[PDB]
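Asks: could you work out the structure for the sequence below:
(chains A, B, C and D, ligands or ions: 1)
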Amino acid sequence: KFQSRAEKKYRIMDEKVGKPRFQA
Amino acid sequence: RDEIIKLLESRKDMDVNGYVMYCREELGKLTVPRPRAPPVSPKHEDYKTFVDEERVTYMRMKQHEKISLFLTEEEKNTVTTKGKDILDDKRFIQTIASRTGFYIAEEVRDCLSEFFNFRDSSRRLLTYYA
Amino acid sequence: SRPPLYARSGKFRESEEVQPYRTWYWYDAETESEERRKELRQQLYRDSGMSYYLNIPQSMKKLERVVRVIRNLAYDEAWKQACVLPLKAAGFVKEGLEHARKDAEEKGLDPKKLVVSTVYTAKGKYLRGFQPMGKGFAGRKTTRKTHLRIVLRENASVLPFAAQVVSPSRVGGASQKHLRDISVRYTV
Amino acid sequence: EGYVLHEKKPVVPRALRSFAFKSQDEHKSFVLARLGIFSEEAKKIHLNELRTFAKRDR
Ligand SMILES: [Mg+2]
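Replies: Numbers count the residues shown, from 1 in each chain, chains lettered A, B, ... in the order given. Okay, here it is:
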């Protein structure tokens, strides 16, 4: 509940990358 | 204001042949760029993030013309009429690429997509100015 | 509109035509390497429906709870079983089954004759962590991930299992239990 | 009836495969490291790999 403002961008990118998906 | 509105009114209903002429006019007004080197050495972290935007704009407008010249008249009318439904027709796109014998289906679809994007952009602007 | 076939298959009879290989290259070495791997995969699983689901946030043992129920069953039976199981993993297996069938139709197979012929899991990349314990000791705190692969084939050997089906509760104007005549039960 | 008719390829045990293909794996690494991927030797290797994958579908 106390995440840093200077790393907001990197948390967003990790959330998008680490999602399940089908290969090709 | 009014001259802009008239141009946009014509552009929103423009067909593929009109798009080819459009591309030719934009190229006619363009100074052809030389490729640019990245600002940093190969070991630098930004080496691979460099994009030669000027070269790409030129190359892509040239590609649009070349693909639209393989596209037949029946196909052009089908494109103008279907919009999104032409872009999602893989058999249509594959046929064009196979006829060409060089460009691939992805390139063909993007060229057709930009034609439609042009018309859609003109409609949004038309509302703004009108 | 299938991807090109660049070599003869291993089947007894040939069903497609081999096409000449491309003569152009991709601009970067990284792109060229990635596309070569994609070309290799396109030579496989022709005339069958396949799906490959990556990075499912579950473990191998949790996925095997559901998968062991659907092996060698007809597609219709397998799909129904995955729906009734109240497990978090059952949601991912259901998506894989639908994705594979859509793949089979694009290849020109009949969905009514499909059978689940192969299913297995594969390890993904793990997120490592640590958790403190008593008296200054420490332990592991790991989050696991797995890949799922499903293959559907036509007229493959199948099990005879079949499930009985009943209608749900009737609610609305379609329910007519209130019209029952209870005067008959007073007679002999 | 002759060698050609009765010739057969033996099946390598799973545990011995890292020794049967050691030379071929080294060569592919040797070519890509020195000549690059935009090379005539690299193209030949890729064409042979396409044949192997295509035969998996039986
Ligand atoms: Mg302490």
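Asks: all helices of chain A, in order?
Replies: Assigned by DSSP state H, the helices in chain A fall at A:8-17.
Asks: near chain C, which residues of it?
Replies: Within chain A, the positions adjacent to chain C are A:18, A:19, A:20, A:21, A:22, A:23, A:24 by C-beta under 8 Å from any C-beta of the partner chain. C-beta coordinates here come from the backbone N, C-alpha and C atoms, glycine included.
Asks: just these: which are in strands?
Replies: Of the positions in the residues of chain A next to chain C, A:21, A:22 sit in strands, assigned by DSSP state E.
Asks: any of the residues of chain A next to chain C buried? List them.
Replies: Buried by 16 or more other C-beta atoms under 10 Å in any protein chain shown: residue A:20, out of the residues of chain A next to chain C.
Asks: which two in the residues of chain A next to chain C are spaced the farthest apart?
Replies: In terms of C-beta to C-beta, those reach their longest pairwise distance at A:18 and A:24, which sit 18.9 Å apart.
Asks: give me the buried positions along stretch D:10-26.
Replies: Buried residues in stretch D:10-26 (16+ other C-beta under 10 Å): none.
Asks: which residues of chain D lie near chain C?
Replies: Neighbours of chain C within chain D, by C-beta under 8 Å from any C-beta: D:36-38, D:46-47, D:49-51, D:53-58.
Asks: just the residues you listed now: which is nearest residue D:9?
Replies: Checking the residues of chain D next to chain C against residue D:9 with C-beta to C-beta, the nearest one is residue D:55 at 12.4 Å.
Asks: what about the nearest residue to the closest one once chain neighbours are set aside, how many neighbours?
Replies: Spatial nearest neighbour of residue D:55, excluding adjacent residues (C-beta to C-beta, 6 or more residues apart in numbering or on different chains): residue C:10 at 4.1 Å. Applying the criterion other C-beta atoms under 10 Å in any protein chain shown, we find 10 residues in the vicinity of residue C:10.
Asks: do residue C:97 as well
Replies: Using other C-beta under 10 Å as the criterion, residue C:97 is surrounded by 22 other residues.
Asks: for it, what are its contacts?
Replies: The contact partners of residue C:97, taken as C-beta atoms under 8 Å, 6 or more residues apart in numbering or on different chains, are C:51, C:70, C:75, C:78, C:79, C:82, C:116, C:150.
Asks: again, only this time at 10 Å
Replies: C:49, C:51, C:70, C:75, C:78, C:79, C:82, C:114, C:116, C:119, C:150, C:152 (C-beta atoms under 10 Å, 6 or more residues apart in numbering or on different chains).
Asks: state whether residue C:149 is indeed within a strand.
Replies: Yes - according to DSSP: H, G, I helix; E, B strand; the rest coil, the state of residue C:149 is that of a strand.
Asks: before we move on, the earlier item: among the contacts of residue C:97, which pair sits farthest apart?
Replies: Farthest apart among the contacts of residue C:97 by C-beta to C-beta are C:49 and C:82. That separation is 15.9 Å.
Asks: list the buried residues for the longest helix along chain D?
Replies: In terms of residue count, the longest helix belonging to chain D (DSSP H) is helix D:40-56. Within helix D:40-56, the residues that qualify as buried are D:42, D:45, D:46, D:49, D:50, D:53, D:54, counting by 16+ other C-beta under 10 Å.
Asks: so which residues make contact with it?
Replies: By C-beta under 10 Å, 6+ apart, the residues outside helix D:40-56 that reach it are C:5-11, C:18, C:21, C:23, C:25, C:32, C:36-37, C:39-46, D:24, D:27-28, D:30-32, D:34-37, D:39.
Asks: mind doing that once more with 6 Å?
Replies: Contact with helix D:40-56 is made by C:6, C:7, C:9, C:10, C:36, C:40, C:43, D:28, D:31, D:35, as judged by C-beta atoms under 6 Å, 6 or more residues apart in numbering or on different chains.
Asks: kindly report the same for stretch C:51-59.
Replies: Under the contact criterion C-beta under 6 Å, 6+ apart, stretch C:51-59 has outside partners A:20-23, C:89, C:92, C:96, C:99-100, C:124, C:144-150.
Asks: give the buried subset of those residues as a PyMOL selection command.
Replies: Applying 16+ other C-beta under 10 Å to the contacts of stretch C:51-59, the buried members can be selected in PyMOL as follows:
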select buried, (chain A and resi 20) or (chain C and resi 89+92+96+99+100+124+144+145+146+147+148+149+150)
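Asks: out of the contacts of stretch C:51-59, who's near chain D?
Replies: With C-beta under 6 Å from any C-beta of the partner chain as the criterion, the subset of the contacts of stretch C:51-59 in contact with chain D is empty.
Asks: which residue packs closest to the residue of chain A found nearest chain C, ignoring adjacent ones?
Replies: Proximity of chain A to chain C (C-beta to the nearest C-beta) peaks at residue A:23, 4.4 Å away. On the basis of C-beta to C-beta, 6+ apart, the spatially nearest residue to residue A:23 that is not a chain neighbour turns out to be residue C:52, at 4.4 Å.
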